[PDB]
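Okay, here we've got a single chain as structure tokens, the form deposited in one PDB entry, with questions on binding and movement later.
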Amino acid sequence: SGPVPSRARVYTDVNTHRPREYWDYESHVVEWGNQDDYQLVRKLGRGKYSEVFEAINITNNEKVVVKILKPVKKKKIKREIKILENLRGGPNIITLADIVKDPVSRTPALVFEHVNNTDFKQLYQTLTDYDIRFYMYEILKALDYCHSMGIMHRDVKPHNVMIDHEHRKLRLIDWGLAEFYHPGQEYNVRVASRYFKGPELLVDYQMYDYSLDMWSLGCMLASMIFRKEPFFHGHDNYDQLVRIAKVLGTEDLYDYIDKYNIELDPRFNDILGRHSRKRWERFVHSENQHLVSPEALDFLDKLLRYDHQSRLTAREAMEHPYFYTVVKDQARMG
């Protein structure tokens, strides 16, 4: 027999209940705007998939952000546009304002509402324990919405989380790897960055779901509260799972491989070897603490599970005692 199928615990049939036009991005007709309504002001940086620019909308004098995408297949740009349009207005999710093509180069470019040029990886060292609790909850707000909209991000990492620390506003960006979730659909395992890949990707289990983002988020919290970036520092894809096994242990990893009947490489089992589960208190040291708390380690333990179905959902995570005072302070201050 082959690999045992899996289903998302929550938001399983959200795309099934919605009409076909919601998730069938291949059938969607992209309505392009005019690039002449936007002028590039300055350069904000460069990514491995695009080049981000600061721009101005000359029709309403509004500041925007233009993302000139590098050449890519036409089905990926339509998927990202449809996902961004379906997530417009969502909390802590970037707001796609327009989509344009160069009149000569014909290369597509995404236009978003203005967000400051400061990501989470640039501030996680200068933030207190409550500030990482607050921003982690804001990330969960954006993850629960897109999951409830039947959309996996599949590239959660500190660089894709923009922070406007003056205004306490957070935005989850880079939706180029996002994909609609459909029960029983096998997805591509070449998603996310190596340090943030879930074990389902490292063992080539293709029927994953929203819970992949929860693992990536678990690696982000572990990197911050322990001040070790990245937390799982694998040098290749095999070593990434080894680095994970040296922390969670090989016992729960093999019981995860046999649970879904995953066929690993015969030499991969000899590479993983046998490792005991290391308690989270062994990475506390003395400087990176004060960011560590019993509810933090318990919250981290419930995110970094081998079994994707055993991880916490974004909603269940938002109700963990790690955010108890955060949700109490948010409900009275805004």
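In this text, the rigid core denotes the largest set of C-alpha atoms whose superposition between the two forms falls within 1.5 Å. Residue numbers run from 1 along the displayed sequence. Residues that one form lacks are left out of the comparison.
Just so you know, the form solved in complex with a partner chain exists too; it's not on screen, but the next bit is about it.
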Mind checking whether each of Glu179, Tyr187 and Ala192 has a heavy atom within 4.5 Å of the partner chain in the deposited complex?
-> yes
The stretch from 251-259, 217-225, 139-147, 155-163 that lies within 4.5 Å of the partner chain in the deposited complex, judged by heavy atoms, is 155-163
Among the candidate residues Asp265, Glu295, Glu26, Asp301, which is the single one with a non-hydrogen atom no more than 4.5 Å from the partner chain in the deposited complex?
-> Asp265
Taking heavy atoms and a 4.5 Å cut-off, does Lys76 contact the partner chain in the deposited complex?
-> yes
Is there any non-hydrogen atom of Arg277 lying within 4.5 Å of the partner chain in the deposited complex?
-> no
Is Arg46 one of the residues lying within 4.5 Å of the partner chain in the deposited complex, judged by heavy atom distances?
-> yes
Consider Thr118 of the chain shown here, and say whether it contacts the partner chain in the deposited complex, taking contact as heavy atoms within 4.5 Å.
-> no
Where does the C-alpha shift reach 2 Å or more between the shown form and the other one among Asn237, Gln206, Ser105, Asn261, given a fit on the rigid core?
-> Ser105
C-alpha of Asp119 off by 2 Å or more between the shown form and the other one on rigid core | yes
Could you point out the stretches of 3 or more consecutive residues whose C-alpha atoms all move by 2 Å or more between the shown form and the other one when the rigid core is superposed?
-> 47-49, 102-105, 117-122
